[PDB]
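Trainee: Right, I'll just put the structure down here and ask away after.
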Amino acid sequence: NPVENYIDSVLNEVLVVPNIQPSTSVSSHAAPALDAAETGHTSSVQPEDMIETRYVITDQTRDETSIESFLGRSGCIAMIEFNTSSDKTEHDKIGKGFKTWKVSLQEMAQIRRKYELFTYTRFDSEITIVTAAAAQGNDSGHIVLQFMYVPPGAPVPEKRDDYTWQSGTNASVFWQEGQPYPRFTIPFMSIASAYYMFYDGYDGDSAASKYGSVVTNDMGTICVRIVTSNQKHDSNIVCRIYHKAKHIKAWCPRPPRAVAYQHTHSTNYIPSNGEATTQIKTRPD
Amino acid sequence: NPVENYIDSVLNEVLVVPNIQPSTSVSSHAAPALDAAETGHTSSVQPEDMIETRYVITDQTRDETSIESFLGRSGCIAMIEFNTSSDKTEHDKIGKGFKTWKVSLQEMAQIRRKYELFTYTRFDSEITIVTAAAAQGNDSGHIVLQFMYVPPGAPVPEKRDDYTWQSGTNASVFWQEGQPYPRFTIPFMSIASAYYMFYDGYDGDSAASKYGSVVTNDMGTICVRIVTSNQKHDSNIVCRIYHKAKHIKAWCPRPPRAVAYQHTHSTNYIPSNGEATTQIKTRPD
Amino acid sequence: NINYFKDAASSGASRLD
Amino acid sequence: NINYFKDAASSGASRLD
Amino acid sequence: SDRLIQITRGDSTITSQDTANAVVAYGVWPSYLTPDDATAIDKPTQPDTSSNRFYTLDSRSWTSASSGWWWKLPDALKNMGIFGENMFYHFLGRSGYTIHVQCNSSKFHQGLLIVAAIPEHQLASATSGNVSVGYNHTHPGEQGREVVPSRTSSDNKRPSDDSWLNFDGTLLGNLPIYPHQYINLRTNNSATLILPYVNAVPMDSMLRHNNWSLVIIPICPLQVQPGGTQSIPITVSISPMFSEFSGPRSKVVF
Amino acid sequence: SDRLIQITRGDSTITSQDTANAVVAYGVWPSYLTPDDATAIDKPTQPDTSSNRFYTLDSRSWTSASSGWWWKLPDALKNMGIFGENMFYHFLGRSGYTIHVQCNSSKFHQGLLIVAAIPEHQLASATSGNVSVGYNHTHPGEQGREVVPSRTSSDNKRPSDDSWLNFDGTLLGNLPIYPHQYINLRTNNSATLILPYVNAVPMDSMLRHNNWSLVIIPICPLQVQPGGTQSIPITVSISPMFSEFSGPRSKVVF
Amino acid sequence: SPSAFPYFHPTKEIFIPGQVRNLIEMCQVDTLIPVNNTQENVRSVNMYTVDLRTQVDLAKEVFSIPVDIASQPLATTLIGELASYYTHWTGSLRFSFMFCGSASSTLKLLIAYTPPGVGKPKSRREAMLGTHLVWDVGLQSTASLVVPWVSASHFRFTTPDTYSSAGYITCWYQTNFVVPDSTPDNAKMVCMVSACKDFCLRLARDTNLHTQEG
Amino acid sequence: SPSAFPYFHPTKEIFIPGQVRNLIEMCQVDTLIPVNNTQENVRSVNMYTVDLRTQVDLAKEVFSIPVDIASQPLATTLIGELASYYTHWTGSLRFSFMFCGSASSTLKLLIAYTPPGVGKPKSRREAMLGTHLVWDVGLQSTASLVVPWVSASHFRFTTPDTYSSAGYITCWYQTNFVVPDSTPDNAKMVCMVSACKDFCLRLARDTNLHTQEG
């Protein structure tokens, strides 16, 4: 029933866990406790098979362990910084008037690790932007930002006032101080049926060919500029980008990362020169 | 009838109080005025039994004395303070760039006392945040706060810019100056079927074991940071957390606290050294 | 009796009984 | 089950199954 | 006669010829854990008759100078035969109680005791700091402990003696809110309380968490004219009801 | 496979991958005392899960010089948790048993044990007079005792070491008349006996009368070539079945 | 009005004895009144007892209290404490008295309620003109006096403002405290208060019976 | 809540093997436990093995671990790692042991679980009083012990706080490790952990098993 489905959803009682059946001592030739893990299959033995038990009605649900639950949570994926200036000449430059970032999920460890539990993922996502601006002077003046999404192959701004910011076909979001945090959705977007978290392959056969998932990354870039002109009071602007997956599918589970990440789109785990060999969380006893 | 229920709810006429029946003098062997309170049961005698009375139609209702009414009201449970600084080095430190608070209801006396009328309680709750910021300089610049909820066992921030603030799985709420007061719900959350207001037991058998309700407290911690970077004009930030219980159940009534509270998660009532013996509200005549 | 959020905890105050 | 936007991607979280 | 009572629990029986009915805490009779409440999957042990019997705690004298007494449950029964042993051989346990308090007197005696069963009676310490009451002081066993108007000790782990504040910062006058019964030497020589299992969880650790605190306080002093008996003993007999245990283990050495 | 077994008793489980079926003494499965047999009027205690579990007795080494071992029931279980405590807190008791004897070896080991359960195994003394075996020597507890080819002692209360005469004046060769099973190191690493309660009375005194004697005798010596393991441990695990107790009392101090 | 923990199923509710639905259920529990508020008694159990003695004179007073539920001494009772969280109150009250003398003791007391606007009675003769009970102490040890809802308004304030005062309860000897030889000439009485079926509280407010400095 | 790419049709979904619906499906996979956590082993494969040898004495210990799923060593197993993203957990666990000696080797082990509040068993005699399995090593190489959900609460914390500890697993020799000539007197055992059908996780949180500095 469609409504019962609604009610269960409201109560978080959709994925219902089995009850424990009562049992008594058994003397047999059957031996649920013995098996061969060599077969590659998890032993099927349950509490009911080994331990005399009382009947227990289970009110536990697995809804919070769903993929939609686990991955469908906002988290920071990037930081973008500006250092504006009253000097019109210095302004308009990258790093001062505008800043760009190549889109990936590999920059922040918490997210990266959660997604790289899977080999392939498919999802739509929400982008939420949190903006801060630290006045360095005695005022903030007027702050208006433009966040432009530039698909792969599209031109990327070189100057704050480039024609590229006209946003003819590129999606753009504007934000003014006092405005609620910007939010928009990016549909699953790829040329494959799923995103590759890992990719065991190359751009080509040559020595210079790229190897990791970087060869599949087709997420484009985000360009952000200060819309307003140079103002008397300089400010430091930091934008944080949060990401939330929706309508999530995932395939082929992987082990979690044991050692610290070193580089974007790489599995390299070896510490920098002079840095002690990477550690894991397994503690000596 | 579902609608009559609605109407009664609208008019606050759900829990209707009985009418007074008329009576005349009675001469009998029955004696409603006499009983044994020794039995532990409240005397049942009513006005109708002892005093000749006229018929009175009662229009009184008990709706305001319901548990949902009594406890389901917002009240302050905490204060969190920051003292920001233009000095980037000093900033980023706890107490300057961020501040943490362990969640409890025991910090504010008014709430604590209302809830510790019961031995066990079960409820969902709303958290509402009220933020103030006192500029110490000639401006406020740009103020953006992040309020992160960190469940027990989760890592707690040491620096304003720690990776922990990425909020991979931790719930976070952002607030900008001019934004309406933040609000969110925390579901009844425990490993028991109710919260323990009191707990007559220990972590363990050893002398160092904790004794009070502190051994049951599983409400985690709230971490708040200034999202923006250091700014020229220092400000003092105070966040107040208000709490409102919803869908409230409660068990086993207790006497109200007679003497001032001394410590969080403790029934100790003895004043500090050199402080006069604790007083009660019972006045000499 | 309109609910705007999926989670039951997000509903308002309980009716009396 | 109200949708406010034309694009399916703009809908909220999926139901469980 | 309404003044008579007989309670039989397994192989033990208690009678009284001068009672004041009985109180069943919260109106709930004790019973076994249902499948709808249970979380453990072990089949529980139900000792029945061998456990659910009356045990008698060391008696104490009530004099004109007494300030009150208290016991903790299940701690008070930890050495009481089978019930006791089951507490040390199992991780979890659950039970209700029948508590019967006895106190004899003549028609020429005066005095009033209040007997109360307090759930989760978290005690206040006797000191000015944030030091909690020590394990050893909340676990007196069969002897409970006496309230003393004042004590001399450096032991900052000891509990408060303020019976007028219920040893926890609440006025004695509000003690009746808890399941209780009085012993008025004019009308009754005994009090009987029936306690259901009360907790936020199905079962719990018998040696870590007390469920009930039995408190007996002389609201009015014992008064006797010369020639009468100047002291009256108070005896407490407690029987587990529907006790259950689960999760067998090596005996706790304590 | 017929060679596999799993036995679950309460919270304990025993498995074996190389068995020789099982023996149920006299073809009778253990059960609770019926109203038609019972003479006591107390309602019996039935600890169920908390009692009816496997307990393991101290293991012993089987060497080329071993002469045999024995244990008495219920004596062997007197300190075994709840079952044990119930024995000391009750006048009467009744139970069946599951006895599982384990002994590992390689395909290069030789030897044969006979495992037997003897009802009313009244022991002969080791002396020439009419002196009976002392209480202390019939109650070795969990460790049972080893048979020694010869001993030097003035203790005329000690039992006979003549395993060839079953310690009572009967030839070993007739030992198979009792419920028994063999452990032949070529074909099985374990033996399992199921014992019903056997007595002339419904229930009896757990600390005065033994019901069964577990006897393990090396019919053929352990033979191992150099380089192999020269000693094999023998471990015995016993579980009460359908245990019942009645007549609660003060714990026997012994 | 979102949840911070989506898909979080609550821990299952189990049956716990003692569920509370309303605060009136608490107000209907007989609770002791600290009548004997003297400097020598406010720090101990004795505050809850009233002394009775064989009298020389007749018709003397035993005790006297206000019946404003959030005034002293009533303010510290369960009802007073709950009442302190409300502004308005109504409905009748029940006052109970337990005799704690000897079984052999004989006593008759007059318990009386005096409506406002006159002032505390100066004599048993005046007290008897109000609502009263003559209590014969016998096999039964407890007597109850119900104080009816007599008022010019539906509600009174919980605030101890003379204007809306509910008046006084006094207790006088009806006969005397009489004992045989070998029985003490002293006795104590224990006073209790509870709500009747018509009792209500209205308009919630912060209690004035508790503070915080730190 | 708009889309930034109106009229954008998604790339067609195709069938890919290995679809995951929930994380419990992962928790139900037998995963190795790094039991042998010594300084000489935590950097290599050897951490996942336990040494067995012919003993001189009887009833000696083989190994001992906590059974708190997010504590060491379990914290680094698949379940521990998934558990570290949740605050609460419940349901029974399964522990499996694989014998890696010779086909000719003979061995019997006692595997036992000890509930909290007593402490680690000091003897096989004590260990046998808990939940246990006697494991006969034969044609079948793997044995499983199920650790039942015994608790005073529906859920325990994943946080390694002694208060809610689930207790210990120990392993003792039942008999001995017995071998013929030409067979090594050594053997190794491999320990695994997996979830039972009733296993659940609740209240998601950031993992404490991974950090970032740059």
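Letters A, B, ... go to the chains of the structure tokens in the order shown; residues in each chain start at 1; ligands are counted from 1 in the same order.
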Can you check which residues of stretch 83-166 of chain E DSSP gives as helix (DSSP H, G or I) on the backbone and send them as a list in words?
Mentor: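 Those residues are residues 83, 84, 85, 86, 87, 88, 89, 135, 136, 137, 138, 141, 142, 143, 163, 164 and 165 of chain E.
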Trainee: Here's a check: after a least-squares fit over all in-order C-alpha atoms, write chain D in the frame of chain C, as a CSV table (one decimal) with N, CA and C atoms, in the first residue's frame.
Mentor:
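Result written to result23.csv:
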```csv
chain,number,residue,atom,x,y,z
D,1,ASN,N,-3.8,17.7,8.5
D,1,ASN,CA,-2.7,17.4,9.4
D,1,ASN,C,-1.4,17.3,8.5
D,2,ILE,N,-0.9,18.5,8.0
D,2,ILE,CA,0.2,18.5,7.1
D,2,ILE,C,1.5,18.3,7.6
D,3,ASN,N,2.3,17.3,7.2
D,3,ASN,CA,3.7,17.1,7.5
D,3,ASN,C,4.5,17.6,6.3
D,4,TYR,N,5.5,18.4,6.6
D,4,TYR,CA,6.4,18.9,5.6
D,4,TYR,C,7.7,18.2,5.5
D,5,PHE,N,8.0,17.4,6.4
D,5,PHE,CA,9.3,16.7,6.5
D,5,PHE,C,9.0,15.2,6.6
D,6,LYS,N,10.0,14.4,6.1
D,6,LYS,CA,9.8,13.0,6.1
D,6,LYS,C,9.9,12.3,7.4
D,7,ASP,N,10.7,12.9,8.3
D,7,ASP,CA,11.0,12.3,9.6
D,7,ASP,C,9.9,12.7,10.6
D,8,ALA,N,9.3,11.7,11.3
D,8,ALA,CA,8.2,11.9,12.2
D,8,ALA,C,8.6,12.9,13.4
D,9,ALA,N,9.9,12.9,13.7
D,9,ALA,CA,10.4,13.8,14.8
D,9,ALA,C,10.2,15.2,14.4
D,10,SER,N,10.1,15.5,13.2
D,10,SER,CA,9.9,16.9,12.7
D,10,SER,C,8.5,17.4,12.8
D,11,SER,N,7.6,16.6,13.2
D,11,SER,CA,6.2,17.0,13.3
D,11,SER,C,6.1,17.9,14.6
D,12,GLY,N,5.0,18.6,14.7
D,12,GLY,CA,4.8,19.5,15.9
D,12,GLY,C,4.3,18.8,17.1
D,13,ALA,N,3.8,19.6,18.1
D,13,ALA,CA,3.4,19.1,19.4
D,13,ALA,C,2.4,18.0,19.3
D,14,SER,N,2.4,17.1,20.2
D,14,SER,CA,1.5,16.0,20.3
D,14,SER,C,0.1,16.5,20.7
D,15,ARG,N,-0.9,15.8,20.2
D,15,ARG,CA,-2.3,16.0,20.7
D,15,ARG,C,-2.3,15.4,22.1
D,16,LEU,N,-3.3,15.9,22.9
D,16,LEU,CA,-3.5,15.3,24.2
D,16,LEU,C,-4.5,14.2,24.2
D,17,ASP,N,-4.3,13.3,25.2
D,17,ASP,CA,-5.2,12.2,25.4
D,17,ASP,C,-5.3,11.7,26.8
```
Trainee: Using only C-alpha atoms, tabulate the residues of chain A lying at most 8 Å from any atom of chain H, each with its closest atom pair and that distance in Å to one decimal, by chain and increasing residue number, as a Markdown table.
Mentor:
```
| residue | atom | partner | partner_atom | distance |
| --- | --- | --- | --- | --- |
| A:17 | CA | H:198 | CA | 6.2 |
| A:18 | CA | H:198 | CA | 6.5 |
| A:19 | CA | H:198 | CA | 7.8 |
| A:33 | CA | H:144 | CA | 5.0 |
| A:34 | CA | H:143 | CA | 4.7 |
| A:35 | CA | H:142 | CA | 5.1 |
| A:36 | CA | H:142 | CA | 5.1 |
| A:37 | CA | H:142 | CA | 6.1 |
| A:41 | CA | H:29 | CA | 8.0 |
| A:42 | CA | H:30 | CA | 5.5 |
| A:43 | CA | H:144 | CA | 7.4 |
| A:45 | CA | H:144 | CA | 7.5 |
| A:46 | CA | H:196 | CA | 6.2 |
| A:47 | CA | H:146 | CA | 5.9 |
| A:50 | CA | H:146 | CA | 7.1 |
| A:51 | CA | H:148 | CA | 7.8 |
| A:60 | CA | H:200 | CA | 7.2 |
| A:61 | CA | H:200 | CA | 7.3 |
| A:62 | CA | H:200 | CA | 6.3 |
| A:64 | CA | H:202 | CA | 6.2 |
| A:65 | CA | H:23 | CA | 5.4 |
| A:66 | CA | H:22 | CA | 4.1 |
| A:67 | CA | H:22 | CA | 5.3 |
| A:70 | CA | H:204 | CA | 7.7 |
| A:109 | CA | H:212 | CA | 6.2 |
| A:110 | CA | H:206 | CA | 7.8 |
| A:171 | CA | H:4 | CA | 6.1 |
| A:183 | CA | H:1 | CA | 6.5 |
| A:184 | CA | H:2 | CA | 5.4 |
| A:185 | CA | H:3 | CA | 4.4 |
| A:186 | CA | H:4 | CA | 5.9 |
| A:187 | CA | H:10 | CA | 6.8 |
| A:188 | CA | H:10 | CA | 5.9 |
| A:189 | CA | H:10 | CA | 6.4 |
| A:190 | CA | H:11 | CA | 6.6 |
| A:191 | CA | H:11 | CA | 6.4 |
| A:192 | CA | H:11 | CA | 6.7 |
| A:193 | CA | H:13 | CA | 5.1 |
| A:194 | CA | H:13 | CA | 7.7 |
| A:249 | CA | H:19 | CA | 7.4 |
| A:250 | CA | H:20 | CA | 5.7 |
| A:251 | CA | H:19 | CA | 4.2 |
| A:252 | CA | H:18 | CA | 4.7 |
| A:253 | CA | H:20 | CA | 7.4 |
| A:255 | CA | H:78 | CA | 7.1 |
| A:256 | CA | H:81 | CA | 7.3 |
| A:258 | CA | H:210 | CA | 7.7 |
| A:259 | CA | H:210 | CA | 7.8 |
| A:260 | CA | H:211 | CA | 7.0 |
| A:261 | CA | H:212 | CA | 7.8 |
| A:281 | CA | H:209 | CA | 6.5 |
| A:282 | CA | H:76 | CA | 6.5 |
| A:283 | CA | H:37 | CA | 6.7 |
| A:284 | CA | H:37 | CA | 4.7 |
| A:285 | CA | H:37 | CA | 5.5 |
```
Trainee: Calculate how many Å separate atom CA of residue F:133 from atom CA of residue F:75, rounding to one decimal.
Mentor: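 So the two atoms, atom CA of residue F:133 and atom CA of residue F:75, lie 15.5 Å apart.
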Trainee: Mind listing as a PyMOL selection string which residues of chain B are within 7 Å of chain E, counting only C-alpha atoms?
Mentor: chain B and resi 38-40+192-194+198-202+204-205+207+211-212+253-259+263+267-273
Trainee: Mind the document's chain letters and residue numbers, and return as a PyMOL selection string the residues of stretch 9-154 of chain G that DSSP labels strand (DSSP E or B).
Mentor: chain G and resi 19-20+22+31-32+49-53+61-66+86-90+93-99+106-114+131-136+142-147
Trainee: Please produce a file of the residues just selected, as a compact mmCIF listing (two decimals), in the first residue's frame, where the atoms kept are N, CA and C atoms.
Mentor:
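The new file again_25.txt reads:
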```
# COMPACT_ATOMS: atom_id res chain seq x y z
N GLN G 19 3.97 6.08 34.46
CA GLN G 19 3.83 7.12 33.45
C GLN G 19 2.97 8.25 33.95
N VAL G 20 3.40 9.47 33.67
CA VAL G 20 2.68 10.67 34.07
C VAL G 20 2.05 11.33 32.86
N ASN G 22 -0.35 14.21 33.35
CA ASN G 22 -0.54 15.60 33.74
C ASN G 22 0.03 15.85 35.14
N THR G 31 0.68 15.25 50.74
CA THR G 31 2.06 15.68 50.96
C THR G 31 2.18 16.49 52.26
N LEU G 32 3.26 16.28 53.02
CA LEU G 32 3.38 16.90 54.34
C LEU G 32 3.56 18.40 54.29
N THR G 49 5.82 18.32 62.19
CA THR G 49 4.94 17.86 63.24
C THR G 49 4.38 19.00 64.07
N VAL G 50 3.18 18.78 64.61
CA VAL G 50 2.52 19.73 65.49
C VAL G 50 2.31 19.10 66.86
N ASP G 51 2.68 19.81 67.91
CA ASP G 51 2.57 19.26 69.26
C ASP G 51 1.20 19.40 69.90
N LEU G 52 0.72 18.30 70.46
CA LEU G 52 -0.51 18.24 71.22
C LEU G 52 -0.20 17.89 72.67
N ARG G 53 -0.89 18.53 73.61
CA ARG G 53 -0.66 18.23 75.03
C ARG G 53 -1.92 18.34 75.84
N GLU G 61 -5.65 27.00 71.08
CA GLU G 61 -5.26 26.74 69.72
C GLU G 61 -4.12 25.74 69.64
N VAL G 62 -4.15 24.97 68.57
CA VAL G 62 -3.13 23.99 68.28
C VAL G 62 -2.19 24.55 67.22
N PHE G 63 -2.74 25.01 66.10
CA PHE G 63 -1.91 25.61 65.04
C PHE G 63 -2.74 26.51 64.14
N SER G 64 -2.05 27.31 63.31
CA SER G 64 -2.73 28.12 62.30
C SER G 64 -1.88 28.36 61.06
N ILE G 65 -2.45 28.10 59.88
CA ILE G 65 -1.75 28.37 58.61
C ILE G 65 -2.67 29.10 57.61
N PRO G 66 -2.12 29.90 56.70
CA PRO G 66 -2.75 30.40 55.50
C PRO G 66 -3.10 29.25 54.58
N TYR G 86 2.59 28.13 37.99
CA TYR G 86 1.38 28.65 37.38
C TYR G 86 0.96 29.95 38.03
N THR G 87 0.20 30.75 37.32
CA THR G 87 -0.21 32.02 37.84
C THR G 87 -1.55 31.94 38.53
N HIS G 88 -2.46 31.18 37.94
CA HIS G 88 -3.83 31.09 38.41
C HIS G 88 -4.14 29.71 38.94
N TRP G 89 -5.04 29.63 39.91
CA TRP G 89 -5.48 28.32 40.35
C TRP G 89 -6.91 28.32 40.79
N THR G 90 -7.51 27.15 40.77
CA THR G 90 -8.86 27.01 41.26
C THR G 90 -9.15 25.63 41.78
N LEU G 93 -9.51 22.21 47.98
CA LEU G 93 -8.34 21.56 48.56
C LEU G 93 -8.72 20.60 49.65
N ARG G 94 -7.87 19.63 49.89
CA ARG G 94 -8.08 18.69 50.97
C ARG G 94 -6.93 18.74 51.96
N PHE G 95 -7.26 18.91 53.23
CA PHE G 95 -6.26 18.91 54.28
C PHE G 95 -6.46 17.73 55.19
N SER G 96 -5.41 16.96 55.40
CA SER G 96 -5.53 15.76 56.21
C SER G 96 -4.64 15.80 57.41
N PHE G 97 -5.10 15.20 58.49
CA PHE G 97 -4.35 15.22 59.72
C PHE G 97 -4.21 13.85 60.30
N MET G 98 -2.97 13.45 60.59
CA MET G 98 -2.72 12.14 61.18
C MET G 98 -2.32 12.26 62.64
N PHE G 99 -3.00 11.53 63.50
CA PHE G 99 -2.68 11.55 64.92
C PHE G 99 -1.62 10.50 65.24
N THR G 106 -6.76 9.67 74.06
CA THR G 106 -8.07 10.17 73.61
C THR G 106 -8.01 11.66 73.29
N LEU G 107 -8.57 12.04 72.15
CA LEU G 107 -8.53 13.43 71.72
C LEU G 107 -9.64 13.81 70.76
N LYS G 108 -10.19 15.02 70.93
CA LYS G 108 -11.10 15.59 69.95
C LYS G 108 -10.63 16.99 69.55
N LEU G 109 -10.45 17.20 68.25
CA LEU G 109 -10.01 18.50 67.73
C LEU G 109 -11.02 19.13 66.81
N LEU G 110 -11.03 20.45 66.79
CA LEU G 110 -11.81 21.20 65.83
C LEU G 110 -10.91 21.73 64.75
N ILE G 111 -11.19 21.39 63.51
CA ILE G 111 -10.42 21.93 62.41
C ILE G 111 -11.32 22.89 61.69
N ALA G 112 -10.88 24.11 61.46
CA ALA G 112 -11.78 25.07 60.85
C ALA G 112 -11.13 25.95 59.82
N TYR G 113 -11.91 26.27 58.80
CA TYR G 113 -11.51 27.17 57.75
C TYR G 113 -12.26 28.48 57.79
N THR G 114 -11.52 29.56 57.76
CA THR G 114 -12.07 30.88 57.81
C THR G 114 -11.84 31.61 56.48
N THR G 131 -16.18 26.94 58.06
CA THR G 131 -16.32 25.57 57.62
C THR G 131 -15.50 24.71 58.51
N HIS G 132 -16.09 23.73 59.15
CA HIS G 132 -15.31 23.01 60.12
C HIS G 132 -15.64 21.56 60.25
N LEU G 133 -14.72 20.86 60.89
CA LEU G 133 -14.82 19.46 61.17
C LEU G 133 -14.45 19.16 62.60
N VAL G 134 -15.28 18.41 63.30
CA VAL G 134 -14.88 17.94 64.61
C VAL G 134 -14.37 16.53 64.47
N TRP G 135 -13.13 16.33 64.84
CA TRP G 135 -12.43 15.10 64.60
C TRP G 135 -12.25 14.25 65.83
N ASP G 136 -12.90 13.10 65.83
CA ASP G 136 -12.79 12.13 66.90
C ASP G 136 -11.64 11.20 66.61
N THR G 142 -6.59 9.16 60.66
CA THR G 142 -6.53 10.30 59.78
C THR G 142 -7.89 10.93 59.56
N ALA G 143 -7.94 12.25 59.63
CA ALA G 143 -9.16 12.95 59.28
C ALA G 143 -8.90 13.91 58.17
N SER G 144 -9.90 14.13 57.33
CA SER G 144 -9.74 15.06 56.24
C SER G 144 -10.77 16.16 56.26
N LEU G 145 -10.32 17.37 56.02
CA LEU G 145 -11.18 18.53 55.88
C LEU G 145 -11.09 19.06 54.48
N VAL G 146 -12.21 19.20 53.83
CA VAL G 146 -12.20 19.74 52.51
C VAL G 146 -12.53 21.21 52.54
N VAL G 147 -11.71 22.00 51.89
CA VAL G 147 -11.91 23.42 51.81
C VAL G 147 -12.49 23.76 50.45
```
Trainee: Expressed in Å to a single decimal, how great is the separation between atom CA of residue B:230 and atom CA of residue A:182?
Mentor: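 Separation between atom CA of residue B:230 and atom CA of residue A:182: 23.5 Å.
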Trainee: Counting only C-alpha atoms, which of H:157, H:48, H:7, H:163 gets nearest to chain E?
Mentor: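 Once distances to chain E are computed over only C-alpha atoms, the minimum belongs to H:163.
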Trainee: My list of candidates is H:175, H:156, H:100, H:119. Which is closest to chain G when distances are computed with only C-alpha atoms?
Mentor: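 The answer is H:156, which sits nearest to chain G.
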Trainee: What are the residues of chain A that have an atom within 7 Å of an atom of chain B, counting only C-alpha atoms, as a VMD selection string?
Mentor: chain A and resid 73 to 76 110 to 111 132 to 140 178
Trainee: Against chain D, which residues of chain A fall within 10 Å? For each one I want the closest pair of atoms and the distance in Å (one decimal), counting only C-alpha atoms, rows by chain and increasing residue number, as a Markdown table.
Mentor:
```
| residue | atom | partner | partner_atom | distance |
| --- | --- | --- | --- | --- |
| A:5 | CA | D:15 | CA | 9.0 |
| A:6 | CA | D:15 | CA | 9.1 |
| A:9 | CA | D:15 | CA | 7.5 |
| A:12 | CA | D:16 | CA | 9.8 |
| A:14 | CA | D:16 | CA | 7.0 |
| A:15 | CA | D:17 | CA | 7.6 |
| A:63 | CA | D:16 | CA | 7.7 |
| A:66 | CA | D:16 | CA | 7.8 |
| A:67 | CA | D:16 | CA | 9.4 |
| A:68 | CA | D:14 | CA | 7.2 |
| A:69 | CA | D:13 | CA | 9.1 |
| A:72 | CA | D:13 | CA | 7.9 |
| A:123 | CA | D:9 | CA | 9.2 |
| A:124 | CA | D:9 | CA | 6.3 |
| A:125 | CA | D:9 | CA | 8.2 |
| A:126 | CA | D:10 | CA | 8.8 |
| A:184 | CA | D:10 | CA | 8.4 |
| A:185 | CA | D:10 | CA | 6.3 |
| A:186 | CA | D:9 | CA | 7.6 |
| A:187 | CA | D:9 | CA | 5.6 |
| A:188 | CA | D:9 | CA | 8.1 |
| A:245 | CA | D:13 | CA | 8.9 |
| A:246 | CA | D:13 | CA | 5.7 |
| A:247 | CA | D:14 | CA | 5.4 |
| A:248 | CA | D:14 | CA | 8.0 |
```
Trainee: Name all residues at most 8 Å from residue E:79 (count only C-alpha atoms; drop same-chain ones fewer than 3 positions away) and give them as number ranges by chain.
Mentor: E: 76, 83-85, 141-142
Trainee: Would you list the contacts of residue B:103 as a PyMOL selection string, taking every protein, DNA or RNA residue within 6 Å and counting only C-alpha atoms, but skipping same-chain residues closer than 3 positions in sequence?
Mentor: chain B and resi 219-221
Trainee: Would you save the residues from that selection as a PDB file, in the first residue's frame, using C-alpha atoms?
Mentor:
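New file result-v8.pdb:
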```
ATOM      1  CA  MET B 219      24.167  13.468  23.947  1.00  0.00           C
ATOM      2  CA  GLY B 220      27.556  14.291  22.318  1.00  0.00           C
ATOM      3  CA  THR B 221      28.940  17.815  21.877  1.00  0.00           C
TER       4      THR B 221
END
```
